[PDB]
Every structure is written in C-alpha cells, then in structure tokens.
Amino acid sequence: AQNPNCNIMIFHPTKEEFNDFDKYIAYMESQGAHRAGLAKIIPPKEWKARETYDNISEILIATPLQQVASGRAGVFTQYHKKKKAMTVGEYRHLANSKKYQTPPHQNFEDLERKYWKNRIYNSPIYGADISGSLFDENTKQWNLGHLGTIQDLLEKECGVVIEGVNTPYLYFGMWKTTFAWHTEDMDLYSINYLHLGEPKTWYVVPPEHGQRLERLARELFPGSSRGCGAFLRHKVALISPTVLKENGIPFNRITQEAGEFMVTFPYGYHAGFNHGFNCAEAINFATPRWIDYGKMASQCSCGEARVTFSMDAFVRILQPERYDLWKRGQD
Ligand SMILES: O=C(O)CNC(=O)C(=O)O
Ligand SMILES: [Mg+2]
Ligand code: NI
Ligand SMILES: [Zn+2]
C-alpha cells in the first residue's frame, strides 16, 4: 500500500505532465496521495495563472463576513456576521490596517502559535464564496474555470444526465480568517489555487480516520451534536492541533504559499487559517473513485447547512432513500 502513514505529499509536475488534469490526479493517487486527505501541487516554472494581478481592485465583495468566535482558544465555534459591501481594494486596505494586520512574527510556526493563542479574541472579516475566476481564458493547464464538470462525470460513470452547473469561487482573506473543520459537499474533491498574497495553513485528517474526528467533535460540541447528526456540515467548529494531539486524532499540517495548488480528497476533513491579505480560487470536482464516497456521504437535514442547486441531483441519484428528508431540510 503506498503512503501507509498518510503523509501529505508534494508534487512537482513538468509542463508535459501538467497537460492532462485527470491523468495527473490518477497518478497522484497511484502514489498514495489521497490517503493524507490533502496534497500540494507546485506548478511547472513555465506556467502562470494570468499575466498580472494589477487590475483586481474593483472586484466587489457583496457580503463580507465578520467571523465571531465563542468558546475556548482550542475549541470554539464561529458565526458569520454580514457586513456592508466593499471592493477588493477597500478590503485589502482594511486587511493592512493596524486593527487587522498580521503581527510581527519569526516564522510560520511562531505565527501558528499566535493564531491558536489569540484567534478567539478577534473577529477578522473574510470575503468568501464569491462566484468568479482569476484564471486568464488563455491559460490552458489547470485552469479551475475549465475543468470537466461533476455532472458530466456522473453521466459518464452512471449513464444518467442531470441538471446543474459547477463554477469556481474566490476567497479574499486576512490575518486570522478561518475555515472550519469540514469535508466537501457530497464528500467531493476540492482544488484550491492561492493566486496572490500571504500564506494559508491547512490541517487535515486522513479519510480512513475521519470518523475519529467526528466522534471527538460530538464530545466537544455536545449541544450541536444533539441538534444535527452531521453538524460539521454547518462549517462552524474549530479544534486546535494541540487538542487533536491530546485526543489521539491522526492529522497533518502544511502551509500553502502563493502560486501553489492544494487538492483535498473525498472525505478528507480539513480546516485552516490565512496569514494575511490573500486571494484564493477553489472549485469542487469528481473522478470515478468519488462515486462511492458520494453514495455514502452524510447529510445535514436540520436545515442549517443550506447548499447549492446542483447538490439536489447528486442526492436524488446517489442517495434516493435520503432524498425526501434532505430536501425537507433544504425547503
Ligand atoms: O480557502 C478556504 O477558505 C477554504 N477552502 C477550502 O475548504 C477548499 O478549497 O476546500
Ligand atoms: Mg477590478
Ligand atoms: Ni474545503
Ligand atoms: Zn444540520
């Protein structure tokens, strides 16, 4: 078995190897990359996502989210308070203000220590989940707006044509902005490109051990667990590496820098935080190996998780017994 310790693997494809996206994902899996839940891909030196970032300031963040924490430093939830619209140039100036900027630090490890010590005492503002793309249309390789769609994958594997579309999303971050512990909708893959700015630190649990994280979360968030049998789908719970280590949960960590891709694999729980002002692009995707994870994915029916139009068909075809109850939650 390849990668039996479930380490995060880092790949350096050549420009020739960067032509065929599906083939490269399958290659990484042949080497055991999926066992970690997360892999890093450093693009060939010849490749670029676009020519420059000089003209992005007029993108609108219609609904910036202030991430307010409750709990203790290592075990907390966050809720999202909606704020007034602002442009990316306005948000960048806010991120660089004395109130929101990255503090002085020695290295990524010192910064990580400061994040876990101090996160709960501040409420950073995240420009998350903005439909759009920063890849130039002429970028032919690993262009996250030109991937094969999940609906087409389901049709190719299973023969059933379904409605729905699959488009990318932009994320504008600042120091301490946080992504809570989750797997993707329908336990899909994700791919995330850090277009510019400061790093993003990731934590990940191997897919084979995901239920260990779920059991800990039920213990640590006991009211939330009674409320919903899949409350991590709400994307609100944070648990620190120190608390994971105290409770014996297998995990790994890595820091993504500008110019790098990350891939999350089906049922790979992940969480993390931004180091400072940045912009990332991400989208879900599927391969043949996902289908069995999609069939088994948990679902929130309490009504809180409220997701996309395209997830309807995935539930209806892959999970017909659950369909009814899950749709009651969605309506
Ligand atoms: O970058 C973020 O805030 C969150 N991204 C992801 O969870 C992802 O790409 O799957
Ligand atoms: Mg602009
Ligand atoms: Ni994710
Ligand atoms: Zn729920």
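Counting starts at 1 for both ligands and their atoms, in listed order. Position 1 is the first residue of the sequence; numbering continues from there.
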A.B. asks: When you measure from atom 6 (C) of ligand 1 to every protein heavy atom, which one gives the shortest distance, and what is it?
C.D. replies: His270 NE2, 3.9 Å
A.B. asks: Do the side chains of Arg253 and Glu112 get close enough for a salt bridge, i.e. N-O under 4.0 angstrom?
C.D. replies: yes
A.B. asks: Under a single-linkage rule joining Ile, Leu, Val, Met, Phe, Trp and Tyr whose side-chain heavy atoms are separated by less than 4.5 Å, which residues share a cluster with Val165?
C.D. replies: none
A.B. asks: Give the C-alpha distance, both sets of side-chain angles, the deciding distance and a yes or no for side chain to side chain contact (heavy atoms under 4.5 Å, CB included) between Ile56 and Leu134.
C.D. replies: CA-CA 9 Å; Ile56 70 169; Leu134 291 171; 3.9 Å; yes
A.B. asks: Considering only non-hydrogen protein atoms, determine which one is nearest to atom 9 (O) of ligand 1 and report residue, atom name and distance to 0.1 Å.
C.D. replies: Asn192 ND2, 3.0 Å
A.B. asks: Indicate whether any N or O donor in one side chain lies under 3.5 Å from an N or O acceptor in the other, for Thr255 and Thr201.
C.D. replies: yes
A.B. asks: Give the atoms of ligand 1, by number and element, whose distance to some non-hydrogen atom of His182 is under 4.0 Å.
C.D. replies: 7 (O)
A.B. asks: With a 4.0 Å cut-off on heavy atoms, is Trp202 touching ligand 1?
C.D. replies: yes
A.B. asks: When you measure from atom 1 (O) of ligand 1 to every protein heavy atom, which one gives the shortest distance, and what is it?
C.D. replies: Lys200 NZ, 2.9 Å
A.B. asks: If the cut-off is 4.0 Å to any non-hydrogen atom of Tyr126, which atoms of ligand 1 fall inside it?
C.D. replies: 1 (O), 2 (C), 3 (O)
A.B. asks: Can you give the angle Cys300 SG - the Zn ion (ligand 4) - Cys302 SG, rounded to 10°?
C.D. replies: 110°
A.B. asks: Measure the spacing between CD of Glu198 and CG of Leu111 and express it to the nearest 0.5 Å.
C.D. replies: 9.5 Å
A.B. asks: Under 4.0 Å from any heavy atom of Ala282, which atoms of ligand 1 are there?
C.D. replies: 9 (O)
A.B. asks: Output yes when the distance from some N or O of ligand 1 to some N or O of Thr264 is under 3.5 Å, and no in every other case.
C.D. replies: no
A.B. asks: Any chance you could lay out the side chain to side chain contact (heavy atoms under 4.5 Å, CB included) test for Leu38 and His270, step after step, and finish with the verdict?
C.D. replies: CA-CA 8 Å; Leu38 184 68; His270 54 284; 5.7 Å; no
A.B. asks: Do the side chains of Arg316 and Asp312 get close enough for a salt bridge, i.e. N-O under 4.0 angstrom?
C.D. replies: yes
A.B. asks: Which atoms from ligand 1 have a heavy atom of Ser190 less than 4.0 Å away?
C.D. replies: 8 (C), 9 (O), 10 (O)
